[PDB]
């Protein structure tokens, strides 16, 4: 069992040893193909791929598929980190490097080892897990600083307002903690902000 987890770790490290730079795109497994956010994530991933940036996603349906689809059609590699779950996430067919993980831990370690920026489409608890984990790892200095962009102002604004009204206001986090992420609805604004903060087109 531990044997398998380590093996899945070693396979991902081999497969990705030559991949740089890279962005991770997170978001809902449930977003339909005809949704605005699906088209958005696909075109963004296409654009980033064509400027030499690899795209890593969870490799399943929904936003993971939109991201892989765009990047599969772009110049750079499309990477998928499929998670094995009772409620099955079928791997999408738009991956140059197709990896599989039995556990969330090794999956996220690959995300955070091999990415230098993060785009977060709207998602559920698992996307919020990813979001607050990378915020934690950055704030604590366990991974290097990197841009984190939430996409969808109507969706995300209420979370940011709650973070300011409750976490910042009570001193549970510092002012610089709130600055670790930005929110945007604009593809141009997003790609600019990513390169402005260290992503290497």
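Positions refer to the first chain, counted from 1.
Set 84-92 against 71-79 and average the Cα temperature factors; 71-79 ends up higher.
Legend: mean Cα B-factor per stretch from the PDB entry, 134-142 versus 41-49; the higher mean is in 41-49.
Residue 30: CA B factor in the lowest third of modelled residues in this chain (values from the PDB entry). Annotation for residue 64: C-alpha temperature factor in the lowest third relative to the rest of the modelled chain, per the entry.
Residue-level temperature factors show residue 176 in the highest third of its chain, judged at the C-alpha atom.
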